[PDB]
Structure formats: structure tokens, C-alpha cells
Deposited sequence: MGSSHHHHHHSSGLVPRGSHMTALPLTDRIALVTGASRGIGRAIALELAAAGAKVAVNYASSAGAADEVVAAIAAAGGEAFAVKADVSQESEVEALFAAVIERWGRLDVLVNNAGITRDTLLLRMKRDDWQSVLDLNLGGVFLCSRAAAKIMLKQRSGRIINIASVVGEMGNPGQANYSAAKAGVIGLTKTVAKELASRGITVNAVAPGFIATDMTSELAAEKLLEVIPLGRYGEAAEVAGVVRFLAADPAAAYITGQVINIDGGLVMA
């Protein structure tokens, strides 16, 4: 099992894509740190569900958009297991209006969390992964940051940000064999469809499968700086 006894942190792992991810990284050997923002009800389910199947999870509060909260989050994973093999930046939110209507606070919260959060955790993971001379970072961008989407000037900008950030971090960290990639979901199931060539939404478990490949698979030791679309052909490429 490729991720024994590798350690993984997944931000915003309380539900949907984050869930399936924590759920997959577990099933491949890893000890999963299951970050949340709000209520632990959701998270403790994941933690409870990983141990059921016979892995090792554990829950942590942290509003990933705040310097000290991510410090707290990275001290805890260190306190418990003294190492971090994989980080999945995934926590994000939406606040969708047309550019004309978008309030400044609604721009900032989405940028601070969706992009700023990936800055904070990436900076933290860097420190740890360089000292180890090893690690893998996987950012959940979105197809929208590649193509633009009406009513999502904030979300699109932040995710496109995630893509560019990913590429710089890949370059700074590559010399110690650390790979930094992004995974760009299309429209996940967790009126269109005429325009998804595969003709359906995607499963959470599908986006997790990809993140698993990048995290665990020896072939992916040589993939860095890349964005991979799991979008049923929505955006080529």
C-alpha cells in the first residue's frame, strides 16, 4: 500500500470532494489529517469512517484563511506524527453574483480563502517538505479558472491564482524531488450536459482517484507543474 506510513493533510475535508479524497488517501495506506472550518459533525464522520475500514484519521479545526490558524494546524500534524508526506489544498467557498453586483467583501473572502488558504498551507508544507527532502502538494483548482464563468469573477480569479501559484511552488521545490500539481474538477455531482461531451456530472470519488494517483503513484514522481482536468471533456485542455 503506497502510502504506508506516509502522512496526509486535506484542507476542507468535511464533505464532497475533500471527503472522497481523505477517504481515498486512507484506503491507500496514509494517515489522514482531516481539516475543517465550521462544525466537526461532518469531519468526525470521515475520521470515524476511516478507522472503521482500518486506517488512521484524525480531525482538526482551522480556518485555513488565517496565518496563526494554519500554524496551529501544521503544529498539530507535526505533534501527532512528526512528518507530512502529502498536502491537498481543497478548502474553498463561492459567492456568486455578476461583476456589477459583487460587493468588495464578497471578492475578498473568496480570494483570502480559496487562494490565500493555498498560499498559507503551501508555505507551511514547504518548510516541512524541504527539511525532509521529500513531499507532494496537490491543489484543487477548477475548470472555471481556466475558462472563466459568468457570476464567478472571484472564484475564477482565485482558482486561476491557484494554478499559477502551483507552478511557482513546483519550480522552487523541484530540486528536492517535491512535486506540486493541481487537479481541476469540472462539474462534480456532490441545462449544461449537452456541453459535457461525456454527458454527466463527475463523482467526488473520481476527483479523489486522480489526487491519489498524483500523491501515491511512483510514475507521478516526474509530473510537476501540471494541471489535470477531470471534467468529462468540458475543457480540452
In sequence order, the deposited-sequence ranges that have no modelled C-alpha atom: 1 to 23, 214 to 222
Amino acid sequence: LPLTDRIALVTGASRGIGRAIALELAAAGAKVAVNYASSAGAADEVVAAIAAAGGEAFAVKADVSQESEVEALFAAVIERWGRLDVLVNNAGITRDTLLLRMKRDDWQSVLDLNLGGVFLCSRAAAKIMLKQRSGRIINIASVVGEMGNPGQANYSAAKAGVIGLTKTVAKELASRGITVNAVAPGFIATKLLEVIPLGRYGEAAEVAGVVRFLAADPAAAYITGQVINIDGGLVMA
From here on, numbers count along this sequence of modelled residues.
Stretch exceeding the other in mean C-alpha B-factor - 156 to 164, 114 to 122: 114 to 122
205 to 213 versus 37 to 45 - which carries the larger mean C-alpha B factor in the record: 37 to 45
Residue selected from 82, 150, 145, 135 by maximal Cα B factor: 82
Identity of residue with top Cα B-factor, from 53, 198, 182, 174: 53
CA B-factor ranking of residue 140, expressed as a third of its chain: lowest
Assigned third (lowest, middle, highest) for the C-alpha B factor of residue 14: highest
Residue 170 - Cα temperature factor, lowest/middle/highest third of chain: lowest
Residue 32 - which third its CA temperature factor falls in, relative to the rest of the chain: highest
Residue 188 CA temperature factor, ranked by third within the chain: middle
